[PDB]
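Listed next as structure tokens is one chain, alone, in the form deposited in one PDB entry.
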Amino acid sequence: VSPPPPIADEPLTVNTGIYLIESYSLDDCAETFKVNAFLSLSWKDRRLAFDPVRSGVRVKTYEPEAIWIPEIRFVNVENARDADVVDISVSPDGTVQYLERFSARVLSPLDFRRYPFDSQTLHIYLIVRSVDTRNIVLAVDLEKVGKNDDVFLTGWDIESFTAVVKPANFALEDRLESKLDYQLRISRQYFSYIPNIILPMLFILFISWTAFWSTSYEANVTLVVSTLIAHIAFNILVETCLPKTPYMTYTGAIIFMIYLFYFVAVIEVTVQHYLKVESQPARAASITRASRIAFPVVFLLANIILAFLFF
């Protein structure tokens, strides 16, 4: 049939809950994550209320086709979720207790500015469009909101699974819509980042700095240029592990700065050679001697500045 009628003039309250069973396929590029969970729904339908000591027990079961069920959808899913109704139970008062198991690919924007020290809030937005007969409003039953303890996303610490109790009620295409924000909080657990990305990248840069204890222009050109190639090769090696964002990231700023340093090291190597060749070895020597301290110090300072700007 159609929606339940109101006692007075009130909207229908659909008590919702989401219990996370599985979390997988967090795609950093697509900004999507796959979820496998329970969706619990509860609402009052008077037309279904019954007498207990006349019925032979206290709670009866229905098929989805037999009764009216609210049309709940998710806002930020790519395709409609794959759902399987687990159970429908009517208490004597007429309260319906719906339960389904669903899997869905959820689109939630990600902010990689602080990579690999970034935290994310993954959203699952529940929605219900009000009907002509009556208005439908979503609510949160906190007893029904949780997550399985072994829920995992490799590379992340799963912080919390909560819901913003107060729904976002608004008008859309001339009709009322009640929205619910379910939040999955995750923070990045990237340990190997140091021995995998930073450390070998810094060793290559440090090798270039040995050109400050050499006067051989040929040896210096080989040091600075070949390390620059090794650095680029190393990025090609590590690119897989990085964000690929249209905005500047923290790790990306360090990498950019390392490119600047190779350029400055070339200028020095070039300058030192020109001065030597132009019979000014005292200046060439003082510049090289300064560079030995200037390069690490300016590097360390600029990194402190960067860290400060990002955090």
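Superpose the two forms; the largest set of C-alphas matching within 1.5 Å is the rigid core. From 1 onward, residues are counted along the sequence shown.
Asks: Higher average CA B factor in the deposited record is what I'm after, so tell me if that's 65-73 or 44-52.
Replies: Taking the mean B-factor of the alpha carbons in each, 44-52 is higher.
Asks: Where do the C-alpha atoms have the higher mean temperature factor in this entry, in 225-233 or in 132-140?
Replies: Looking at the recorded C-alpha B-factors, 132-140 comes out higher on average.
Asks: Just to confirm, going by the entry's C-alpha B-factors, which of 218, 239, 174, 111 comes out highest?
Replies: The listed residue with the largest C-alpha B-factor is 174.
Asks: Highest Cα B-factor in the PDB entry belongs to which of 201, 106, 194, 80?
Replies: Largest recorded C-alpha B-factor: 80.
Asks: Could you look up the Cα B-factor of residue 13 in the entry and say which third of the chain it sits in: lowest, middle or highest?
Replies: Top third by C-alpha B-factor.
Asks: What third of the chain, by the recorded C-alpha B-factor, contains residue 98?
Replies: Residue 98: CA B-factor falls in the highest third of its chain.
Asks: Compared with the other modelled residues in the chain, in which third is the CA B-factor of residue 37?
Replies: Answer is middle: the recorded C-alpha B-factor places it there.
Asks: Would you check the entry's CA temperature factor for residue 57 and let me know if it's in the chain's lowest, middle or highest third?
Replies: As the PDB entry reports it, the C-alpha B-factor of residue 57 lands in the highest third of its chain.
Asks: Among the modelled residues of this chain, does the Cα B factor of residue 243 put it in the lowest, middle or highest third?
Replies: Highest third, going by the recorded CA B-factors of the chain.
Note that the form deposited in another entry isn't included here; everything after this is about it.
Asks: Superposing the core, which one of 85, 142, 225, 241 shows a C-alpha shift reaching 2 Å or more between this form and the one not shown?
Replies: Among the listed residues, the outlier is 241.
Asks: So the C-alpha spacing of residue 244 and residue 200 changes by 3 Å or more in that other deposited form; is that change toward closer or farther than shown?
Replies: Their C-alpha distance grows by at least 3 Å in that other deposited form.
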